């Protein structure tokens, strides 16, 4: 076949949020002239959609002008240390990187040639965001019994964080469960501010609850895609949150973590365990809007499968305003850097590097340099811009396993001006 990805590959879009590329195809098929050539077809979209791509060291919105479907006789599945699992055609390209005296160069590598130990470009920061106006019917929308927020701001985002992490929706009641009565009071304050109605705090057998009795309010959250309970296995992050400014995402994430995130001392990581796999993948994209690289793992808990998102390591935690040493954390943000050639090209700044705690010899025999060490090194060798832009956005993630899968299937791709777009179960740079 051609260059393309498995239909379950997520893609971040402005118009539809984070969606499987096969779902995107089903939405867009027919909405433009299609050219068919045997096992390949291309649609030129009547209305281009917006995805995200990498350009000039940043990750910003870019137009996708075409969508492709092909039929492939086999696939390659790539797993990485962070928990990305990408399934693509053998000639589909990923990117490896090298930092030299001249900056960061991304190199295209076909999936058929990827091997364990390679490090592929993934996204740890997604730029952009605007305050999203909540979409209305052009019909006969608008409850008049409550006040309906019209912009997704930090207050609503905080409330959504409590509701998704620790809430239930019954047909006529919104509930938030927590043993901190001050958090329940805060949620009630927000409900008055946002919706003009409030609830009451009920002391229950093993937990307190804030109960807000309003069918219009339930309907508002259901239209947003809020799960009916913690255990919903199919809930998704709302598109409007993925398009929001980082301040809004931060309000949501902080609220989620206070409700159902847990800090593990020995490992140096905040863990979120959710029952929704696509909800977990969506959390990873939200975290990239904060500049955080999540890890992902499937876990067994009392005979059922759960999805663990970890915010791990001192650098990630700083992005939440948390200042903590994590000496038990294994570094996974490793920069491929040609240390010796850079050092010589810059005239061997031995004393200056020693002053930053770097002994150049410790990197001359293939040793890994962390991003944190590279930030310091870079300032002394003329590479600050690469450290503070390109490598603020791109992490080079270790491939742990590659497998050829000899099963034919339909595959999909999109066309962008950058020849790349952001997709995968956690944000990954995909070539087109």
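Numbering follows the first chain given and starts at 1.
Judged by mean Cα B factor in the deposited record, 143-151 ranks above the other of 143-151 and 161-169. When the C-alpha B-factors of 193-201 and 252-260 are averaged, 193-201 comes out higher. Taking the PDB entry at face value, the top CA B factor among 318, 127, 340, 77 belongs to 318. Per the PDB entry, 403 shows the highest C-alpha temperature factor of the residues 392, 69, 375, 403. For residue 44, the recorded CA temperature factor ranks within the middle third of the chain's modelled residues. Residue 100: CA B factor lies in the middle third for its chain, per the PDB record.
Among the modelled residues of its chain, residue 33 has a C-alpha B-factor that falls in the middle third, as given in the PDB entry. Sorting the modelled residues of the chain by their CA temperature factor places residue 240 in the middle third. When the modelled residues of the chain are ordered by C-alpha B-factor, residue 387 sits in the lowest third.
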